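Structure first, then comments.
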Protein chains: 2
Amino acid sequence: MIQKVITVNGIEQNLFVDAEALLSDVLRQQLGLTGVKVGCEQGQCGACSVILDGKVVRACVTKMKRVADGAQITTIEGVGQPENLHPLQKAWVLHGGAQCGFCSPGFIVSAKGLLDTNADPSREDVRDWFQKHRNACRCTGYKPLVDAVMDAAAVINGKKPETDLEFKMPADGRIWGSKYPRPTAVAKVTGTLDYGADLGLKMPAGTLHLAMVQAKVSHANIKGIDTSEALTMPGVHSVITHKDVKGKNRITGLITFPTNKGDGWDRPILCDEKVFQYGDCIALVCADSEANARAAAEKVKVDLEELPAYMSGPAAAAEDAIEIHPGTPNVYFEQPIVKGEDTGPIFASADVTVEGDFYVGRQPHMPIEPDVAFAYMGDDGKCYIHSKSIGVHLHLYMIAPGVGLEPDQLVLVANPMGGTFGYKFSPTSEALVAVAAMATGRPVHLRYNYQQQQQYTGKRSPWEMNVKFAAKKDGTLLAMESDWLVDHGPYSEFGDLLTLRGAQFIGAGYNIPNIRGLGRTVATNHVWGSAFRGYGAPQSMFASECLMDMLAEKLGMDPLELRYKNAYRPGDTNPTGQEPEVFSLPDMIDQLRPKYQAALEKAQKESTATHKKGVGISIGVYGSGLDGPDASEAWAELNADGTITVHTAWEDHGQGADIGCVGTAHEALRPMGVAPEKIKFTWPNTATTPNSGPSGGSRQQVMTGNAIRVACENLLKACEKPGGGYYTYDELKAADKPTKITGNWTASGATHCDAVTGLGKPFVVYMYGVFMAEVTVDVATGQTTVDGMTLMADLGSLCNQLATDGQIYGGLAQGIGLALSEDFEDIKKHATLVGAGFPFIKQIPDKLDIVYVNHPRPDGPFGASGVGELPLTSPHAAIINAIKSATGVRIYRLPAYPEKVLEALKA
Amino acid sequence: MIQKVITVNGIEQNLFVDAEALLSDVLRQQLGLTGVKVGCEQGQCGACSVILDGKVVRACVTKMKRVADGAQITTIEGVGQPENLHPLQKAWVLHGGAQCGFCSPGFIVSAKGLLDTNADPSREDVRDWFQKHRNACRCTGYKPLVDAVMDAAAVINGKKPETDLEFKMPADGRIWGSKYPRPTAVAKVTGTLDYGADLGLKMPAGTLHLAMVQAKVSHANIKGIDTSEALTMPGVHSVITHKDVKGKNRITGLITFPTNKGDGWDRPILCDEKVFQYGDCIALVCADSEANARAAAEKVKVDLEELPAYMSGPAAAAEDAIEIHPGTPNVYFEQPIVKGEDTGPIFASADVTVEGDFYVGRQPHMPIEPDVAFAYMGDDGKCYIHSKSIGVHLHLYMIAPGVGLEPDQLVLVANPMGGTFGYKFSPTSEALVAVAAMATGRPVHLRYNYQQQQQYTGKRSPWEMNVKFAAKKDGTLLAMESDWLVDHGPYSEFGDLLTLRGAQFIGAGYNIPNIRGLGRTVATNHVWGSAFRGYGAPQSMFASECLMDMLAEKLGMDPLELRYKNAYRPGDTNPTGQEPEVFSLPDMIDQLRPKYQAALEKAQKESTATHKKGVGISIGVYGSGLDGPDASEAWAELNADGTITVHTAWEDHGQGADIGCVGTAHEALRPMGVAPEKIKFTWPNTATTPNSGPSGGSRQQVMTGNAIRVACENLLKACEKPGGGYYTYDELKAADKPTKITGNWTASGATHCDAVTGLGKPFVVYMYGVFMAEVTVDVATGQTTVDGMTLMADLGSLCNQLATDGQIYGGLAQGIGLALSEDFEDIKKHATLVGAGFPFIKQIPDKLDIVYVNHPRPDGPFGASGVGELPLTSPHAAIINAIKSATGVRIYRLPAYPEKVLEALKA
Ligand code: PCD
Ligand code: PCD
Ligand SMILES: O=Cc1ccccc1
Ligand SMILES: O=Cc1ccccc1
Ligand SMILES: O=Cc1ccccc1
Ligand SMILES: O=Cc1ccccc1
Ligand code: FES
Ligand code: FES
Ligand code: FES
Ligand code: FES
Ligand SMILES: [Cl-]
Ligand SMILES: [Cl-]
Ligand SMILES: [Cl-]
Ligand SMILES: [Cl-]
Ligand SMILES: [Mg+2]
Ligand SMILES: [Mg+2]
Ligand SMILES: [Mg+2]
Ligand SMILES: [Mg+2]
Ligand SMILES: [Mg+2]
Ligand SMILES: [Mg+2]
Ligand SMILES: [Mg+2]
Ligand SMILES: [Mg+2]
């Protein structure tokens with residue numbers, strides 16, 4: 001051990017440390033500076049950036065031996081605090097740079113380091129700095145972060161006043177549609193919002209820390225578990241196995257379709273008879289620290305009989321493949337789509353037909369914050385779980401039978417969280433921590449490392465797809481045929497539903513009167529399927545939007561004009577036979593057209609012999625809602641202090657549940673003149689907030705926004721004074737009148753798609769957009785650079801533009817990853833950010849352009865649709881279409897790795 | 001467990017706590033708010049004061065179940081921080097209220113609570129508030145704290161500007177003699193100085209926490225130790241016993257006098273064959289937490305044979321008493337005093353003689369911070385100990401043979417500390433933590449609770465005394481006889497030396513030509529003797545200063561005039577035959593006289609039938625130095641940045657080592673124009689600071705101040721430019737000239753007192769003072785209230801008036817305790833602050849008056865003497881003399897408990 005006397009955030013510290021200890025652990029654990037965020041733990045994400053003697057360093061890869069006596073360290077807590085914000089922190093708030101906020105401290109500390117060395121950077125300088133310092137963001141697409149640095153720099157330089165970093169209220173007092181900052185931004189930019197790992201450090205001494213004993217093969221029969229060496233190891237309390245589970249030890253899919261061949265009870269909590277994928281949790285070590293639990297987990301011995309594993313859909317779907325879940329066929333679900341007339345004769349007599357085989361793979365969510373949860377037995381006898389769940393009520397019912405609790409005896413709460421992008425539509429750690437809390441009686445905390453986040457959370461499910469179009473010479477679509485095979489890994493939850501998305505979205509955007517197709521879901525031993533932003537559309541629309549360009553090429557038609565010819569107009573129906581609710585695609589195409597033509601001309605002019613430029617187009621469409629007559633609930637409550645609490649379970653991945661609540665409520669409450677800072681939101685809690693539903697399917701703004709609207713309208717009615725005006729809280733209480741008022745809303749016009757035909761009216765609101773990608777391909781290396789992305793977006797009406805702009809930039813950036821670099825195929829190689837192709841800042845162009853072409857929705861609150869998944873529906877199709885524009889080669893199977901492009905260029 | 005969402009220092013906290021947990025532990029351990037200081041843990045000291053929903057509460061006695069959802073909590077960290085001080089914090093700094101600083105956060109938070117309820121308090125209101133809220137201070141005597149509250153209130157009230165709370169530099173730029181604030185004040189008042197327990201919370205995960213297995217009888221032979229149940233308990237690493245000690249397992253007294261009958265090796269580190277006092281450490285449990293270590297220590301079983309214990313000096317000194325240390329007589333040392341002619345004939349022929357039997361007891365130091373230390377093995381192979389040692393070099397040599405290390409392989413460091421008042425002149429926990437660090441190889445931390453602080457740290461040693469005077473009718477002293485018996489408990493360290501203090505100080509202040517006396521030191525089974533501020537003078541001078549009043553009464557002379565007649569004047573010698581170095585007692589008496597006469601007249605006027613007022617006088621004298629030719633060393637170093645570091649081992653109990661260094665160096669460096677903020681001090685460290693010696697004997701200002709002066713003079717010489725002016729650092733380094741310069745100083749005129757006669761010249765500088773106490777006795781109850789204290793003080797020259805004023809107020813307050821309420825006699829009843837008679841604010845008058853009558857010392861730096869122990873030399877004699885003035889009764893045996901006074905009143 002050594003004494004080191006240093007200065008931390010301006011205060012001399014008399015530190016006692018191990019020279020080998022990591023600076024991140026010293027700062028977080030010894031000094032309580034949990035504003036130093038840790039994600040990857042491998043020097044790849046920048047979340048743990050600190051200033052050490054004038055240099056920006058990653059604290060997770062800096063050992064204390066590198067910190068000299070008299071060193072100066074700055075963390076986010078030294079940059080500024082809530083009543084004392086630095087210009088960078090104010091700028092982050094103003095520009096909406098904190099979505100989940102998990103990267104915000106590290107970017108802000110890194111940016112201070114930049115500005116202390118280069119006071120007036122160019123945008124390019126800012127991007128180069130964040131590239132060099134590995135500052136990674138999965139939410140924002142980087143552009144808002146660069147905007148904030150530039151604004152802060154201008155203030156620090158005396159070029160503009162610091163007051164201009166503070167939001168100015170619009171003259172009408174309307175925050176709906178404005179850039180009003182989100183309520184959580186200040187806590188995020190100051191490192192004073194505690195995420196799950198932060199909470200773990202601040203739990204009491206009695207808390208047990210868990211480590212998973214995980215399968216290191218993909219498929220096996222389990223013979224036994226020997227915990228004896230582990231029990232003797234330092235700090236070890238006990239080891240938990242399936243024998244300690246008090247219920248069924250299975251998670252239920254809950255809404256398993258009747259025509260699914262499986263019962264939906266296939267997923268274990270702790271493996272008992274079998275390993276179904278690499279990473280499966282077989283046991284939990286409980287210890288006094290994460291480090292001691294992990295060390296002991298390595299010594300737990302699992303005796304198993306390895307079985308042949310099926311590592312892709314086609315392999316598992318083979319007629320003679322062995323059943324992974326004995327008694328259920330590996331191909332456990334099929335969804336037909338049968339619209340209009342038989343397609344065979346139409347293809348036979350059409351002027352033109354095209355066909356393609358396409359593949360979109362096992363995209364990894366890669367939030368900067370790895371999964372984390374905790375649980376405890378309450379003083380009331382209930383089991384409480386605090387996790388990254390984005391569907392607290394959903395998960396309660398998915399896990400309660402398995403853990404052996406009645407629903408009223410379990411409470412799920414959503415912690416502040418550092419992104420999910422859908423993986424938290426699935427249970428991950430909730431049942432594990434519940435079992436351990438119940439077994440021990442003690443609080444328990446489980447933190448996944450980044451390799452566990454990659455290997456042992458769910459993934460986008462790969463689809464193998466064949467799609468065909470028949471058309472007239474003038475480009476009019478006549479018919480489509482489609483076939484898709486969905487590799488869902490071993491756990492069925494929502495896999496049938498995902499497969500149904502192919503019936504809804506392959507070919508969406510156009511009038512297609514005659515469709516015949518079939519989707520099939522297959523269990524495999526690769527990673528189980530969890531929702532990933534777009535949930536079936538990125539697969540579906542990659543196929544159909546690439547195929548539209550192939551059709552245009554075969555006709556000798558411009559691909560934007562081919563889309564214009566076929567795009568939804570009044571009278572048309574979508575693939576499920578439903579009329580669209582608005583018709584904005586022609587408007588968007590007309591507004592894009594001159595920008596597209598200019599981009600084509602630029603690409604021609606700026607191409608060289610070696611660096612070929614191209615432009616690609618695609619359309620995107622997706623529903624806002626869960627299928628059928630989805631619903632939500634909110635409670636609007638006047639508090640004694642005159643503030644209003646809007647109670648919901650709107651789960652915040654980081655997309656903006658807070659600002660969606662406040663902005664929607666503000667608009668609904670305008671007749672009573674309620675200031676936005678007087679409106680409070682509630683963190684999701686199954687005991688004390690209504691069942692607003694999960695934050696999946698780009699649904700909350702529509703469903704919960706409408707419920708908030710209705711609740712607020714009902715509160716206005718409850719407060720109305722006879723003769724005009726409104727009663728105060730005191731007046732209502734004096735009259736024994738209610739002050740907490742419910743509102744509900746249901747998408748009553750919606751119907752579920754039919755099991756035989758696929759037809760129905762599954763959503764009452766959709767999101768519509770048109771993408772343009774501009775790319776350069778180095779034809780010597782096959783490397784593609786995306787130089788610009790544009791999204792024409794119809795969101796109906798914006799609740800908050802900082803929120804929607806950010807959602808779109810983030811989705812576009814994930815689209816660039818999906819197109820060019822990302823996968824989770826190799827269990828070890830793809831288990832790091834860099835290994836799996838995470839997009840760092842230079843991969844994302846500074847030119848991300850949005851044009852709102854908003855057509856108010858009949859059923860949306862104040863006309864709003866959702867936004868969340870729109871920007872990931874098909875940006876990757878536009879990008880691949882741009883590669884084809886540039887070079888003549890079409891990549892059919894994502895991602896477009898350089899060697900793959902090269903092989904195609906040279907063929 | 002329960003979730004509680006509250007606001008702490010203005011920031012919303014999502015807390016997870018046990019409802020039974022103490023708020024102090026939650027704040028310190030879970031939230032890292034180590035500015036919430038914990039001392040007593042029993043609700044008696046206020047150090048842990050926090051604001052909870054507008055009320056000031058003691059966090060150590062507030063369980064989390066009392067903290068509601070939505071509560072607001074403020075700790076010192078929320079009051080203000082170093083670059084953002086609250087008016088209360090600025091006022092504390094300006095008024096010198098932070099000496100050790102351990103109480104400062106709690107007083108400041110409590111004071112904010114006061115001012116938030118009463119914006120313009122009277123001084124009386126402030127005192128009532130601190131009484132009610134149990135805010136205890138052992139250093140300051142409270143008056144500076146009240147001063148600071150009043151000043152802050154005036155600023156908060158808009159009555160004066162906040163800039164007036166900032167120190168204004170004197171026009172001459174001289175900080176010597178000024179009220180310049182001490183360097184450590186800001187850290188103290190913001191809770192950002194880490195004391196030993198604070199450091200323990202910030203040590204790494206590998207650190208083992210210790211608990212002592214202690215004797216629960218006063219005397220025994222040990223048969224065995226059974227650790228088997230303890231080893232099975234939660235978090236337990238191991239149990240350490242004498243078998244794990246690698247050296248002699250004894251602490252050496254190091255300077256044991258040759259005529260001591262014992263070898264000075266009597267004290268064990270871990271008891272092996274015997275228990276010698278209640279509390280003796282027999283074993284150490286090492287565990288993952290203090291709580292788990294303590295729980296397991298309760299289960300360690302010690303098999304012993306209890307022996308009859310001798311619980312007082314007279315009991316142990318009986319001719320037939322059994323030897324506590326077999327082979328050494330319990331009366332192990334005698335010191336004669338033989339000055340001038342045989343006293344028997346002089347007593348026989350004197351006009352007047354008086355005699356008394358007096359007792360001063362086992363006063364407990366009662367710092368607000370209980371003892372704490374830690375140790376570790378360095379990366380360099382050495383064992384490092386960080387403790388409350390106020391003699392780091394001394395303790396190294398006292399413990400190294402016992403722990404089994406050569407001196408170069410052990411390093412002792414003084415942590416910031418919350419007071420000692422001398423108990424840390426002894427080793428307490430240093431050898432214990434060293435043994436455990438060496439045995440385990442791991443860092444170890446040991447925190448005493450308050451009962452352990454009381455029972456198992458050393459104490460003022462009781463003296464049973466008989467003193468006699470012979471005098472002429474005109475009051476001229478002719479002769480003195482003296483006998484004293486010193487109860488030193490079982491451990492001999494410095495007990496012989498303490499006994500020699502009786503030869504030096506009984507009767508000090510007056511010319512006494514003929515003295516015959518004998519002191520004896522006796523081992524007992526009550527608590528071992530450690531220095532307590534005054535170290536023999538409070539005992540000695542209680543006897544002689546009470547006896548002077550008895551002589552005055554017998555002569556019918558005024559007691560101030562009797563002292564005036566006999567006080568040192570040129571030609572006189574002190575009891576050891578040495579000439580005083582200055583002669584300030586007549587000056588001080590002459591300046592006090594009219595104040596004394598006015599006080600007498602007030603007492604007569606304001607007395608009532610039931611409440612009798614009186615006035616008492618005493619003189620105090622004490623040396624500044626260790627006996628003989630004491631010495632010190634300092635290094636003055638010009639740093640590259642132009643600051644100057646003055647390297648010393650001046651140990652800071654809280655008295656002001658920091659400001660003594662800076663002020664002395666500033667004065668010495670004036671020719672070079674060095675600003676005070678450019679002068680740095682060093683925390684004591686045996687490896688990297690010179691052997692400046694211990695902070696005992698009121699010596700550091702004289703010894704180390706002179707060494708600092710000499711070092712700085714030598715640095716000036718090293719920097720002098722030919723032709724005038726001074727070279728910069730860069731110029732000196734360019735010329736390869738030295739920049740770190742040594743200075744040494746020795747008290748060359750001093751000699752040790754003779755073993756046969758007691759004569760010598762033990763100190764070259766003394767401190768001189770005259771006390772006046774004003775009291776009221778309720779004759780129905782026997783309760784005494786001290787209404788005022790005055791000290792006339794000759795300190796030569798003041799280094800810093802905030803420091804000296806504070807030292808005097810603190811010593812006067814300890815004198816009130818010693819006179820009226822304090823003891824450690826009952827092992828259990830006296831093991832709490834309240835039980836042992838700690839003086840809370842209402843016991844200490846607001847009227848504490850100092851008059852400096854400074855006579856520059858020939859050998860002091862810039863003429864300075866010490867101050868530390870002067871104010872505790874005889875204030876308790878003045879108080880008892882005042883009780884006699886008021887009521888006619890004399891208390892001979894301290895303390896003057898109400899029942900004791902009543903019995904005397906009614907006899
Ligand atoms: N018009 C409009 C719309 C919208 N908005 C906004 O925006 C947001 C969003 O919304 P939406 O769309 O409704 O959504 P939500 O439901 O809330 O959420 C969800 C999503 O969200 C997204 N985004 C995001 N972001 C971020 N940052 N992070 C994340 O993680 C995430 N995730 C993702 C996903 S995946 Mo799934 O589960 O797969 O189906 S679905 C999803 C919010 O804040 C709101 O409010 C506005 O403003 N306006
Ligand atoms: N002239 C003069 C003198 C002095 N000063 C200051 O004052 C202080 C003190 O000093 P001195 O006297 O020199 O002393 P020191 O050595 O440093 O110290 C010690 C002491 O100190 C005291 N004080 C105090 N305070 C406080 N706060 N706390 C404490 O704990 C204490 N402790 C106590 C004791 S006890 Mo023995 O060990 O028994 O012998 S001794 C003693 C310092 O700060 C200095 O600098 C000045 O200013 N001036
Ligand atoms: O309410 C949660 C849920 C989840 C999946 C489908 C439908 C509803
Ligand atoms: O966005 C994720 C999701 C998951 C299940 C159903 C609908 C949406
Ligand atoms: O240097 C420490 C010391 C201690 C007691 C007496 C003499 C010196
Ligand atoms: O003030 C404490 C002390 C102890 C030993 C020798 C001199 C002084
Ligand atoms: S770079 Fe340190 S946590 Fe990712
Ligand atoms: S805001 Fe950057 S990772 Fe979420
Ligand atoms: S009153 Fe709480 S530590 Fe003393
Ligand atoms: S300053 Fe108050 S206890 Fe030391
Ligand atoms: Cl391909
Ligand atoms: Cl490649
Ligand atoms: Cl008595
Ligand atoms: Cl009494
Ligand atoms: Mg500022
Ligand atoms: Mg089944
Ligand atoms: Mg038509
Ligand atoms: Mg590969
Ligand atoms: Mg202020
Ligand atoms: Mg011996
Ligand atoms: Mg004379
Ligand atoms: Mg008694």
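Residues in the structure tokens are numbered from 1 in each chain, the chains being A, B, ... in the order shown, and ligands are numbered from 1 in the order shown.
Here is the contact set of chain A against chain B, at 6 Å and counting only C-alpha atoms: residues 1, 2, 16, 30, 32, 202, 203 and 378 of chain A.
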Requested write-out: N, CA, C and O atoms of the selected residues, as a PDB file, in the first residue's frame:
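Just written: out28.pdb:
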```
ATOM      1  N   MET A   1       0.888  -1.203   0.000  1.00  0.00           N
ATOM      2  CA  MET A   1       0.000   0.000   0.000  1.00  0.00           C
ATOM      3  C   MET A   1       0.902   1.222   0.000  1.00  0.00           C
ATOM      4  O   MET A   1       2.049   1.164   0.490  1.00  0.00           O
ATOM      5  N   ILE A   2       0.402   2.346  -0.501  1.00  0.00           N
ATOM      6  CA  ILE A   2       1.181   3.592  -0.489  1.00  0.00           C
ATOM      7  C   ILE A   2       0.260   4.786  -0.181  1.00  0.00           C
ATOM      8  O   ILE A   2      -0.913   4.811  -0.584  1.00  0.00           O
ATOM      9  N   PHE A  16      -4.824   6.660   0.457  1.00  0.00           N
ATOM     10  CA  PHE A  16      -4.163   5.392   0.738  1.00  0.00           C
ATOM     11  C   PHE A  16      -4.666   4.343  -0.227  1.00  0.00           C
ATOM     12  O   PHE A  16      -5.849   4.015  -0.244  1.00  0.00           O
ATOM     13  N   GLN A  30     -13.456   4.456  -3.140  1.00  0.00           N
ATOM     14  CA  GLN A  30     -12.786   5.052  -1.983  1.00  0.00           C
ATOM     15  C   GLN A  30     -13.238   6.487  -1.748  1.00  0.00           C
ATOM     16  O   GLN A  30     -13.447   6.881  -0.585  1.00  0.00           O
ATOM     17  N   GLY A  32     -16.027   8.055  -3.401  1.00  0.00           N
ATOM     18  CA  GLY A  32     -17.454   8.267  -3.614  1.00  0.00           C
ATOM     19  C   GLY A  32     -17.786   9.094  -4.848  1.00  0.00           C
ATOM     20  O   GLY A  32     -18.904   9.586  -4.954  1.00  0.00           O
ATOM     21  N   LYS A 202     -23.557   2.513  -3.067  1.00  0.00           N
ATOM     22  CA  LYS A 202     -24.170   3.303  -1.999  1.00  0.00           C
ATOM     23  C   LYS A 202     -25.183   2.512  -1.181  1.00  0.00           C
ATOM     24  O   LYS A 202     -25.970   3.108  -0.415  1.00  0.00           O
ATOM     25  N   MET A 203     -25.182   1.196  -1.360  1.00  0.00           N
ATOM     26  CA  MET A 203     -26.049   0.309  -0.604  1.00  0.00           C
ATOM     27  C   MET A 203     -25.339  -0.020   0.707  1.00  0.00           C
ATOM     28  O   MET A 203     -24.111   0.143   0.860  1.00  0.00           O
ATOM     29  N   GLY A 378     -38.353  -6.202   1.297  1.00  0.00           N
ATOM     30  CA  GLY A 378     -38.825  -5.015   1.960  1.00  0.00           C
ATOM     31  C   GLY A 378     -39.306  -5.304   3.363  1.00  0.00           C
ATOM     32  O   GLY A 378     -39.568  -6.456   3.750  1.00  0.00           O
TER      33      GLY A 378
END
```
Next item on the list: Pull the strand (DSSP E) assignments for range 85-332 of chain B out of DSSP run on the backbone, and list those residues as number ranges by chain.
Entry: B: 208-214, 220-226, 236-240, 250-251, 267-268, 274-275, 281-287, 301-306, 331-332
Could the residues in this selection be written to a file with N, CA and C atoms, as a short mmCIF file (atom, residue, chain, number, x, y, z; two decimals), in the first residue's frame?
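And here's selection-v7.cif as it stands now:
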```cif
data_model
loop_
_atom_site.label_atom_id
_atom_site.label_comp_id
_atom_site.auth_asym_id
_atom_site.auth_seq_id
_atom_site.Cartn_x
_atom_site.Cartn_y
_atom_site.Cartn_z
N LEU B 208 -8.21 -4.59 6.48
CA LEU B 208 -8.79 -5.30 7.59
C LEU B 208 -9.10 -4.31 8.72
N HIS B 209 -10.24 -4.51 9.36
CA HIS B 209 -10.67 -3.69 10.48
C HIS B 209 -10.51 -4.49 11.74
N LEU B 210 -9.92 -3.85 12.75
CA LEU B 210 -9.57 -4.54 13.98
C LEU B 210 -10.56 -4.26 15.11
N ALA B 211 -10.70 -5.23 16.01
CA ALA B 211 -11.35 -5.02 17.29
C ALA B 211 -10.51 -5.67 18.37
N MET B 212 -10.44 -4.99 19.51
CA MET B 212 -9.68 -5.45 20.66
C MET B 212 -10.48 -6.40 21.52
N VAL B 213 -9.81 -7.50 21.88
CA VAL B 213 -10.30 -8.42 22.92
C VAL B 213 -9.62 -7.94 24.22
N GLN B 214 -10.39 -7.37 25.13
CA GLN B 214 -9.86 -6.65 26.27
C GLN B 214 -10.20 -7.31 27.60
N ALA B 220 -4.87 -10.00 36.69
CA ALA B 220 -5.01 -11.46 36.54
C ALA B 220 -3.76 -12.10 35.99
N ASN B 221 -3.64 -13.40 36.24
CA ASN B 221 -2.76 -14.24 35.47
C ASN B 221 -3.56 -14.85 34.32
N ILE B 222 -3.03 -14.78 33.11
CA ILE B 222 -3.70 -15.32 31.93
C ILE B 222 -3.29 -16.78 31.72
N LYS B 223 -4.28 -17.65 31.56
CA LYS B 223 -4.04 -19.09 31.39
C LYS B 223 -4.12 -19.51 29.92
N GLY B 224 -5.00 -18.88 29.17
CA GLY B 224 -5.18 -19.25 27.77
C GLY B 224 -6.18 -18.37 27.05
N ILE B 225 -6.18 -18.49 25.72
CA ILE B 225 -7.07 -17.74 24.83
C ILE B 225 -7.66 -18.73 23.83
N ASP B 226 -8.98 -18.77 23.74
CA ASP B 226 -9.69 -19.61 22.78
C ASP B 226 -10.37 -18.75 21.74
N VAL B 236 -14.68 -12.64 9.50
CA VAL B 236 -13.45 -12.75 10.27
C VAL B 236 -12.32 -13.37 9.47
N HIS B 237 -11.20 -12.66 9.45
CA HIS B 237 -9.96 -13.09 8.79
C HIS B 237 -9.09 -13.95 9.70
N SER B 238 -8.83 -13.45 10.90
CA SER B 238 -7.92 -14.10 11.83
C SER B 238 -8.01 -13.38 13.19
N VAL B 239 -7.35 -13.98 14.18
CA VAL B 239 -7.19 -13.36 15.50
C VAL B 239 -5.70 -13.39 15.84
N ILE B 240 -5.23 -12.23 16.27
CA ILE B 240 -3.83 -11.98 16.57
C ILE B 240 -3.66 -11.99 18.09
N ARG B 250 7.03 -5.88 24.17
CA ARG B 250 7.06 -4.91 25.26
C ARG B 250 7.34 -3.55 24.64
N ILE B 251 6.77 -2.51 25.23
CA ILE B 251 7.07 -1.11 24.94
C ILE B 251 8.08 -0.67 25.96
N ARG B 267 5.64 -2.79 30.10
CA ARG B 267 4.34 -2.74 29.39
C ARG B 267 4.30 -3.70 28.20
N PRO B 268 3.36 -4.66 28.19
CA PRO B 268 3.24 -5.53 27.01
C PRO B 268 2.61 -4.84 25.82
N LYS B 274 0.00 -11.79 31.98
CA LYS B 274 -0.83 -11.06 32.94
C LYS B 274 -1.69 -9.98 32.32
N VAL B 275 -2.80 -9.74 32.99
CA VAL B 275 -3.58 -8.52 32.91
C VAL B 275 -3.13 -7.62 34.03
N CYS B 281 -5.36 -4.94 26.19
CA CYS B 281 -5.60 -5.71 24.95
C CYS B 281 -4.88 -7.05 25.00
N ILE B 282 -5.68 -8.12 24.93
CA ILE B 282 -5.19 -9.50 24.94
C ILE B 282 -5.12 -10.07 23.52
N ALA B 283 -5.99 -9.62 22.63
CA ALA B 283 -5.98 -10.13 21.25
C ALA B 283 -6.63 -9.10 20.33
N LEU B 284 -6.39 -9.27 19.03
CA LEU B 284 -6.98 -8.43 18.01
C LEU B 284 -7.73 -9.32 17.03
N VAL B 285 -9.01 -9.06 16.84
CA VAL B 285 -9.75 -9.70 15.74
C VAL B 285 -9.60 -8.86 14.49
N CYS B 286 -9.26 -9.52 13.38
CA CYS B 286 -9.17 -8.87 12.06
C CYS B 286 -10.38 -9.30 11.24
N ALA B 287 -11.14 -8.34 10.72
CA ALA B 287 -12.33 -8.65 9.94
C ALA B 287 -12.57 -7.66 8.80
N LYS B 301 -12.65 -16.21 23.98
CA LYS B 301 -12.72 -16.60 25.39
C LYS B 301 -11.35 -16.57 26.02
N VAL B 302 -11.17 -15.74 27.05
CA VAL B 302 -9.91 -15.68 27.76
C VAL B 302 -10.05 -16.36 29.11
N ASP B 303 -9.18 -17.33 29.36
CA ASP B 303 -9.19 -18.07 30.62
C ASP B 303 -8.17 -17.40 31.50
N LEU B 304 -8.62 -16.85 32.61
CA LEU B 304 -7.69 -16.23 33.51
C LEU B 304 -8.00 -16.49 34.97
N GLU B 305 -7.01 -16.18 35.79
CA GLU B 305 -7.06 -16.33 37.24
C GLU B 305 -7.02 -14.90 37.77
N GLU B 306 -8.15 -14.39 38.23
CA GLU B 306 -8.21 -13.03 38.72
C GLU B 306 -7.39 -12.92 40.00
N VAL B 331 6.41 0.49 44.69
CA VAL B 331 7.01 1.84 44.75
C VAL B 331 8.36 1.77 44.07
N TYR B 332 8.40 2.19 42.81
CA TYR B 332 9.55 1.90 41.99
C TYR B 332 10.48 3.11 41.79
#
```
Next item on the list: Considering only C-alpha atoms, return as JSON, numbers by chain whatever protein or nucleic-acid residues lie within 10 Å of residue 397 in chain A, sequence-local ones (same chain, fewer than 3 positions apart) excluded.
Entry: {"A": [251, 252, 253, 254, 392, 393, 394, 400, 401, 402, 405, 406, 407, 410]}
